[PDB]
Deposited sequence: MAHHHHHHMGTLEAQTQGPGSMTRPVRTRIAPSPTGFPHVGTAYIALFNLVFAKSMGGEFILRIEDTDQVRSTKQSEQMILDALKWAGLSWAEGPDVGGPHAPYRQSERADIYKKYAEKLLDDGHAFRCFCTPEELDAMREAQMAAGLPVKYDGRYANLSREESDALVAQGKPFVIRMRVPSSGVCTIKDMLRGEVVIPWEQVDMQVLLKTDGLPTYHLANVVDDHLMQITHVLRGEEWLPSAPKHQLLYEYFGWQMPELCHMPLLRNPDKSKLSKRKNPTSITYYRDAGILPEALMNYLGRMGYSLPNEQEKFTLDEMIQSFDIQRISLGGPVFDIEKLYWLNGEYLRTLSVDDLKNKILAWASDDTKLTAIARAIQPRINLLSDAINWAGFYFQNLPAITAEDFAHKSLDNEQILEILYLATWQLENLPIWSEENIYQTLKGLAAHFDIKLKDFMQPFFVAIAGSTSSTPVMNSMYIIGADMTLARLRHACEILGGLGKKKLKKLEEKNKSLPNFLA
């Protein structure tokens, strides 16, 4: 055959997603079972949305989960650079070869290169799991390969980098199956061998919808912060679309590798029941030594939360070393115990309060960098646009973030617990307060886009 080589190719656009870890697990397990290697390629082709910080978050998140790669942006490799943004020169020449070869045309002076697509026939793709995929060529668009800025699109860079990095198997979400005919065609146009394709079912919520941050948290780093062990999380993800022989519910990475058979992957959309993940974490915690449990609690508290920042926040308010527990306890909880009645709506109407927390969630979600200043500018700008006094605007945030009406300055608190935990606590607060109906929620999303950029 040929040396097996798999990959995870995360687009560093936003929070590190559990789904990205789901795919990363099944690519690493597949490779190792076949004596191959697992590499990581950062796909930062969306220049405006891809951030250097978001790249470091994903590498840190997967390393924490226990995944590792033989070649990548950090470790290096014979196929460096491993960021697509630093491969811009490579893609341009191949796109020009597609123009000379009679396989691409320009569409409008500013120009974009587009691929030629057959006008009649079918595309037959072999999926390792679903069998055979047939797609009419007429339902395949003439996708843009090189943009006006000279930078690549996803479809061009994936084919060039997979071929140059000698990828032999690609496992990715079934969302990318409609793009597969484009990929076969590009490999033919370049005279290259297309890797074998296995499309994976997409993780779902309990309501059978697609996994959404709305219904259940979706960030890898949130589960770190909430107290989930990385060994438990990876165990749960390997159990989602897949079952080990004999239906073992708790297993290690090495156990998954040895008995790994791609055909055991179910096609139903796996449901990410956070409660079942929590129980499994309980099993991992109870099978630990008391010494190990102690050391794991201390490490979980020394790394995620910054203690020098917690000390500075509580110093004005503690008169005894024993007060630290009552003033800094919420920094180490997951979701403070709150009730609807706690939001006294004495300054703001309850319907107002919901609108403040929803808009604050979305605005804080898209922050380029999680700094106390960016939090302050965003929340001050939001209170400015609606003409509410800031102290009255922040009243709900004391309840949602700290679980009490009195605490250290809530904005430094949000900076300390982090982006993932702040948003998890805001979304929880909306749910306790009943949320807003589908009709009201869409209207509020409209205003969110009409809002200014509170940081420009």
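Annotation: deposited residues 1-22, 131-171 are not represented by C-alpha coordinates in the model.
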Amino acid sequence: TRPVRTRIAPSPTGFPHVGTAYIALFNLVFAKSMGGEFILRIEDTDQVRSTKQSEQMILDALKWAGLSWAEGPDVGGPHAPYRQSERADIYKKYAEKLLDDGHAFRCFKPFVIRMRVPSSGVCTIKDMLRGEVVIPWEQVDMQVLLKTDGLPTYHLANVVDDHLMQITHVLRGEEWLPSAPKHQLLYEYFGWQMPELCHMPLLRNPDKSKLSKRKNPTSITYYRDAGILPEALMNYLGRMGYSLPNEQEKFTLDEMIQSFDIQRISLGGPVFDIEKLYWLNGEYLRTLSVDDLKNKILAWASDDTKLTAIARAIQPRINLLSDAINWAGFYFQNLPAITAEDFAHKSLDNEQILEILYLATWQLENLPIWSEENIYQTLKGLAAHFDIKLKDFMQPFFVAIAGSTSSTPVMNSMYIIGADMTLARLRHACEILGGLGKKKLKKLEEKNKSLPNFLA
From here on, numbers count along this sequence of modelled residues.
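The PDB entry records a higher mean C-alpha B factor for 118-126 than for its counterpart among 118-126 and 247-255. Judged by mean Cα B factor in the deposited record, 175-183 ranks above the other of 225-233 and 175-183. As recorded in the entry, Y94 carries the highest CA temperature factor of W279, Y94, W362, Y331. For the set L307, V170, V144, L382, the PDB entry assigns the largest Cα B-factor to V144.
Ranked by C-alpha B-factor against the other modelled residues of its chain, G72 falls in the middle third.
When the modelled residues of the chain are ordered by their C-alpha B factor, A61 lands in the lowest third. Ranked by Cα temperature factor within the chain, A9 sits in the lowest third according to the deposited record.
In this PDB entry, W137 carries a Cα temperature factor that places it within the highest third of its chain's modelled residues. Sort the chain's modelled residues by C-alpha temperature factor and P206 lands in the highest third, per the entry.
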